[PDB]
């Protein structure tokens, strides 16, 4: 199970079961590039979010209804969608995954 393996390997099941998380099957440089693409509002009202012009191969990991810490368990859903990330700093880089659309 991809999500069980990746959520564990990436520390997302050690301190708590992260209920939902998205993985992006693209290069880091192509995700960092989104920070100079379409400027959009974030869910929180801040305007440091950026939407990719293109769709990207992504995987959504979501905890099952019965899952509980420490035995975290996930269902995997594939999608090809535009990403929205919050960007910050110098260099101006992704710091949060806001949504897929």
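We call the rigid core the largest set of C-alpha positions that still match within 1.5 Å between the two forms. Positions refer to the first chain, counted from 1.
For the pair 53 to 61 and 68 to 76, rigid core superposition yields a higher RMS C-alpha distance in 6 other deposited structures of this protein in 68 to 76. The mean C-alpha temperature factor is higher for 68 to 76 when 51 to 59 and 68 to 76 are set side by side. Stretch comparison (11 to 19 versus 85 to 93) by mean CA B-factor in the PDB entry places 11 to 19 on top. For residue 99, the recorded CA B-factor ranks within the highest third of the chain. Only modelled residues enter the ranking. When the modelled residues of the chain are ordered by C-alpha B-factor, residue 41 sits in the highest third.
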